[PDB]
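Okay, here we've got a single chain as structure tokens, the form deposited in one PDB entry, with questions on binding and movement later.
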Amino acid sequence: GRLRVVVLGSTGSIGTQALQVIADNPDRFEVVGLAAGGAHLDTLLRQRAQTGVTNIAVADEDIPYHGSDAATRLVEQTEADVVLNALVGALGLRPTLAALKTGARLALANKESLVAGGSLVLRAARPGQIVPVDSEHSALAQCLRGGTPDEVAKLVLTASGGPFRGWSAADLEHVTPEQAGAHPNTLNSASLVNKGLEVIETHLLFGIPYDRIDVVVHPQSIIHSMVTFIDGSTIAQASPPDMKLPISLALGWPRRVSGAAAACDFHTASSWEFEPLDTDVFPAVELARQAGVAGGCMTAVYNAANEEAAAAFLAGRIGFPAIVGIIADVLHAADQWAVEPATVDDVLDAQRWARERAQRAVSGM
């Protein structure tokens, strides 16, 4: 019994680390499909040559699946046990629903499909079929083996805090892309939107109310999240930052993969720091809670407004603090959007509306 794995977004960081794990564990896994956004052409051909897999999709015109929904066609067609969806942003919602319709495990890295899809994605899924790839949700799943659902008091997500811990909003006005770790996932870390995306994700996957989902800043990124139980016990998960750990566990769930990552080393001194998030300077998480509480298409809106505002920062059209400022403005104008999505088109409509309202805000800021 080898598990058959489709890797979507194979040429990115998650994708390539996923292939390394499969290659180290040929007894446990087998690659049977790949899909890539064509920008890293050279890597895909290398992966075809190395894995021998010809069953390949390319999202940008020997390839059996070329097009714009190339990855979606591949998923529907290929006999698989696990689909790893590491596609970035919006190009990943349709492949997620396709993946879930096949009945295969969805190892989800592309948290945007879930944040935007909301209930639409949940209705497609059976229990235990969506298995998170990010480190925080991997941690939580691990820690929740520490009890039953009614023993849970709080889920506690850790946030690196980005490069701007201690910065005031005034300090933030003069921030460039490279200081926020970008160039004209990493930006979302700097602005705390990633955490907001993760609060929503946490709610959708585990069923926990927003008011029992905390965020604490932990700059060493060694504790990946924690669970506090009703007795006052907290269970935490810890490891040096290395995506192959939660990638490995997502593919082999419920079984751990030996040697996937280096453990923490307690033979040299270290220090794990905690501090409260500055909610005045970084309100992305509170804003996510608002959108999640409103529900429906509002989380699609939260995310789409982000992608657009962030794109505007990365082109130099807006200042850094305006990214989360615009999400705020867009959300507060989105009273028509707390409706449950009936189809993909509804989600697609929410996103278009959010993009355009963001562009409008840009064209004033």
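The numbering used is simple: start at 1 and walk along the sequence shown. Here the rigid core means the biggest group of C-alpha atoms that line up within 1.5 Å when the two forms are laid on top of each other.
### Message
According to the entry, how many residues of the deposited sequence fall between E61 and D62 and are not modelled? Options: none, 1 to 3, 4 to 9, 10 or more.
### Response
Gap size class: 4 to 9 residues without coordinates, per the record.
### Continuity check for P184 and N185, given as deposited residues lacking coordinates between them
The entry has 4 to 9 unmodelled residues between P184 and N185.
### Message
Test of understanding: from the entry's C-alpha B-factors, which stretch has the higher mean, 144-152 or 122-130?
### Response
Stretch with the greater average CA B-factor: 122-130.
### Query
If you average the CA temperature factors over each stretch, which comes out higher, 345-353 or 13-21?
According to the PDB entry, the answer is 345-353.
### Task
Tell me which of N188, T72, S271, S248 tops the list for C-alpha B factor in the record.
The C-alpha B-factor peaks, among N188, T72, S271, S248, at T72.
### Query
Highest Cα B-factor in the deposition, which of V301, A309, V53, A328?
Going by the entry's C-alpha B-factors, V53 comes out highest.
### Task
Grab the CA temperature factor for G166 from the record and place it in the lowest, middle or highest third of its chain.
Tercile = lowest for this residue's CA B-factor.
### Query
Once the chain's modelled residues are ordered by C-alpha B factor and cut into thirds, is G207 in the lowest, middle or highest one?
Middle third of the chain for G207's C-alpha B-factor.
### Task
For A39, return the chain-relative third of its C-alpha B-factor as stated in the PDB record: lowest, middle or highest.
According to the entry, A39 has a C-alpha B-factor in the chain's highest third.
### Message
Please place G117 in the lowest, middle or highest third of its chain according to the CA B-factor in the PDB entry.
### Response
It falls in the middle third of the chain.
### Record-listed C-alpha B factor of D265: chain third
Answer is middle: the recorded C-alpha B-factor places it there.
Below: the form deposited in another entry, not depicted.
### Task
Go through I222, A260, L172, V217 and flag the only one whose CA is off by 2 Å or more between the shown form and the other one, rigid core held fixed.
C-alpha shift of at least 2 Å: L172.
### Query
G316: with the rigid core matched between the shown form and the other one, does its Cα shift 2 Å or more?
Yes; that C-alpha moves by at least 2 Å between the shown form and the other one.
### Message
On a rigid core superposition, would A338 pass a 2 Å threshold for CA movement between the shown form and the other one?
### Response
No, the C-alpha moves less than 2 Å.
### Core-aligned CA displacement of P26 at least 2 Å between the shown form and the other one
Stays below the 2 Å threshold, so no.
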